[PDB]
Structure formats: C-alpha cells, structure tokens
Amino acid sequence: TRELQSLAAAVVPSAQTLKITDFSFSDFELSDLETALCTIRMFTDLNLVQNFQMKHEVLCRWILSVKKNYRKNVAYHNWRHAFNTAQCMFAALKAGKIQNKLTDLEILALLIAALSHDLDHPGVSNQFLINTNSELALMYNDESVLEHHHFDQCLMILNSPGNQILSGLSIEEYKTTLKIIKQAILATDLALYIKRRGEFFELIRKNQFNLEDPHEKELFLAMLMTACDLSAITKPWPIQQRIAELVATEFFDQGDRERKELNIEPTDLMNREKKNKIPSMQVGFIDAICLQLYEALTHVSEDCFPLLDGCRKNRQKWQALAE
C-alpha cells in the first residue's frame, strides 16, 4: 500500500496539462505516480469510469497492480513501455480521431489490453522460451507463448480482490469485453501481425476495407494494437534514440543467455559484439514492419498522420548513421 493512498487522494490533472493527447508524448520526465495519474485521466476522458461504474479506489488499485506486475529491471518490456503503449492508444483515439469509430466496450478493452499486454514479461522472446523448454511454451503449444501468459496475468489482476474494474459490467458486456481483450493482447505477438497484415493491406488497396464488418473491425483492432506497441519508432529522435538503447540492452541480454544456455552465436539483433549493425537493422525494421502499418492506419484515419511522419523522420535519422 502507501503508494495507493497517495494516488487515490491526488487530484487528477487534466489531459491538457498532462500532454497525453500528443503523439510526441514523453514519459521520461515523469515519476511513477505521475504515470499513474496519466492513466486515470485516460480512463476518465475515454468515458470509461462513470460509464462502467468504476470506483476510484478500485481503479487506482488496479493501475498500481498492473504497474507492479511488470519487471522493473527488464530494460524495455517494463511498465513504462506498457504505459507508453496505452498513451499512444489514447492519442490515437483522441488526436487520431479513432474513438468515434469504435464502441465503448472496444475502447475499454483496448485501453486495458494496452496497459496489460506485456505483464510479467521475462525480457526474452517467444523463440527463446521455446528453445529453453519453458513450461509456458509447452502449455501453449509454442503459439504466442508470452502473449498467452500476458493475458493470463491480465485476468488474474482483473479478478484480484479490490482490483475488479470490470465488476460493473453486465454479463453480456463482460463476456464481449474479455473476448476483445484477449484478441488485443494476442495481437501484440508480432508473428500474428505479420501473418494477418497482408489481408488488412489488401482490403485497403482494393478499397474493400469496411469497419462495419465484424471480422474487419477485429482485424483493425489487432493492427491498431501493433501500431501502439511499436509507437516508440514514431517518436521524436531523442526519444527514439533513448528507447532504442533500452531495446538493444534487452536483446543483447538475451543474446548473452543464448550463448550460455544454448551454446549458440546469437543473431545480429541479439549480438552485443555486432552492435555496429543497429543502424542498418533499424532501417530494415522500419521498412519491412513499420511504414506499411502507419501508412495503413493513416488511410483509415488521416489524423493519425503524425505517427507515420514521425516514423519516416526516424528512418532518415537511422539511415544517415548507417550509410
């Protein structure tokens, strides 16, 4: 406790004051308490609190439980990454004007999913867990191993006493919401993004994309989750540089684990000894994974252009270092 009393008693600053509507938002100068306040404001301004009768104390407790469940010493996949993913979701819904295209339940599910999508992340990839015979990999048949675990943790917190922010939903709304949350969290497995994005891009290319279609709406929500998950790649250069260092720290740590536990030379992405490959790998990552997604998102909502624009600027920055 303690931290809970401080959070629950604090006056929640406006979204304007907190700057959470800005796509260029930076969490670096914020304390943990400030990120928690930002999170309460996200729920509030997305019309989720009174809408679903959330008690202030319960929401505060839930937010703190989510924050605690991240491993602070994991370099990139920690609370700050989850918080930034949620902030990008808020900005996309607000400044990006996606909010009015979705239902209240979809919004509720997306914010919860964004905040919970990496819960208890071990700092190693699905491939690593599979190669080291993780019990997690066995239980989930090597499919989206981490993501199934993140969802498991998400449910655990949602059901923990004093943290039930969904206790006010009707039976049918609860059922609908949990299904969207699971799909949203699983969507953050880049393997599923690569597997399903082809369909999304094709629908748009052939002018067949229709949000009114249940299946396409679900496909869009998955893509939106990926767009928010990768959002650091759209941030102003100083921010992208700093976060890229965190990503490298985490990947190189896994590389160390691979040399010791698997007796193998890690791929460049996880090889500290070849860190000189970072600029070129970043450009390739932006081209193959990022640009098409932000281009597609902007097509759906022009107001999301800032994400694409920021991504393009970072490609230029990384390319200048690579050439």
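Residue numbers run from 1 along the displayed sequence.
As the entry records it, the average C-alpha temperature factor is higher for 134-142, out of 96-104 and 134-142. Higher mean CA temperature factor, per the PDB entry, when comparing 44-52 with 274-282: 44-52.
Within the selection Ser125, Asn159, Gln153, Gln87, the deposited Cα B-factor values reach their highest point at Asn159. As recorded in the entry, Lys217 carries the highest CA temperature factor of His148, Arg80, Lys235, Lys217. Per-chain ranking of the deposited C-alpha B factor places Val300 in the highest third. Sort the modelled residues of the chain by CA B factor and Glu199 lands in the middle third. Annotation for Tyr294: CA B-factor lies in the lowest third of the chain's modelled residues. Annotation for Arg61: C-alpha temperature factor in the middle third relative to the rest of the modelled chain, per the entry. When all modelled residues of the chain are sorted by CA temperature factor, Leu269 is found within the lowest third.
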